[PDB]
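This document opens with one chain alone, in structure tokens, the form deposited in one PDB entry.
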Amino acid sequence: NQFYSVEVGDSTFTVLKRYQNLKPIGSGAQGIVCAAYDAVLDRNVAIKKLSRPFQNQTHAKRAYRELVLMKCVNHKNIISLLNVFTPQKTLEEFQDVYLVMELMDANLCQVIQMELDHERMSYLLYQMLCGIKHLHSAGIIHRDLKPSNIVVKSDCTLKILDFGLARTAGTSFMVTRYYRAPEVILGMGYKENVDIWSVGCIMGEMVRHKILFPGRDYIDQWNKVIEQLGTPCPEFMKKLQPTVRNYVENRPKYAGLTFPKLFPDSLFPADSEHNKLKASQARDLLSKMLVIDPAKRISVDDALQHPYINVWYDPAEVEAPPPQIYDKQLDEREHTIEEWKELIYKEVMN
């Protein structure tokens, strides 16, 4: 037999014998993740067992989509699929899906806690922007980028772990909401630079070591946004839905803190002239990403040209050919659970 079972992180992993010494490294709603040694390849890998992929159509749709995209995409800043397998032998018995990835060392939540110097921080941001540019070029707009779904090696190489939801989900997420853009929270729609707000929130957190816009719910989060950035313009509040517009127009008015007051010199390395230069450049980029109105917010392409980021720019990394996805209806079509199950099986069996 080609499989063995091991209990890891309170779940049963039934895996190919090539995968040895499984140890837990993380989990979330979509699966449980282990590090393992691959004996066929001679390297460590990460194995994710999908959690209840056929619990309902959302689970199945998201599993199928993550499988097709992870296979289709080939970019240094997006996690690659090394292998995928199921221990079950038929469509009728099919229950579990295991994804095998390159093994990274940490998620961004851990890295964010470090006193990051400007070389590391700019490099991490540069790589996130490269990954986002690549996803955008294929029509993948993430909308829920956050530190837990970005991973890093100890050499600061960075990969994004997932693709956010289908276009058809719009700005809806039916735990961690702090990185979602105003246009998402308020239901205004979105364009590509929706992901720039999330990069701004992560960058702001790397500086402050505090979540920028925390809170128990969207209501509390919106207060944190307007208290820090200021009440939005007439150009913007205009567009909100009846109950929302009214709530938003009726909140207390705030000038905003200036970016110097939001991210003071006190948070930045102070040694040298190089350090003073880099504090104002970091601030200036933050001031262009953390902009409530997406019409006034910097683009991914322009953020790559920013002096804080552009030092790293290499067109071989930035300007790679976009993924061509076969399924032009991928985000749209709905299926029964049974139908999704078969689509996923075929995908697993290649």
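Between two forms, the rigid core is defined as the largest C-alpha subset superposing within 1.5 Å. Numbering starts at 1 and runs along the sequence shown.
This protein has a second form, the form solved in complex with a partner chain, left out of what is shown; the following refers to that one.
- Taking a 4.5 Å heavy atom cutoff to the partner chain in the bound PDB entry, the contact residue among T258, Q95, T243, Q110 is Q110.
- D105 is the sole member of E249, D105, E102, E192 with a non-hydrogen atom within 4.5 Å of the partner chain in the bound PDB entry.
- From the list 180 to 188, 119 to 127, 132 to 140, 234 to 242, the contact stretch for the partner chain in the bound PDB entry under a 4.5 Å heavy atom rule is 119 to 127.
- Of the heavy atoms in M203, none are within 4.5 Å of the partner chain in the bound PDB entry.
- The closest non-hydrogen atom of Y37 lies beyond 4.5 Å of the partner chain in the bound PDB entry.
- Within 4.5 Å of any heavy atom of the partner chain in the bound PDB entry lies no heavy atom of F54.
- Interface residue remark: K89 is not counted as part of the site for the partner chain in the bound PDB entry, having no heavy atom within 4.5 Å.
- Large C-alpha shift between the shown form and the other one, rigid core held fixed: of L304, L67, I298, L286, this applies to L67 alone, with a displacement of 2 Å or more.
- Residue displacement note: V97 has its CA displaced by at least 2 Å between the shown form and the other one (rigid core superposed).
- With the core held fixed, the Cα of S137 is displaced between the shown form and the other one by less than 2 Å.
- Relative to the superposed core, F54 undergoes a C-alpha shift of no less than 2 Å between the shown form and the other one.
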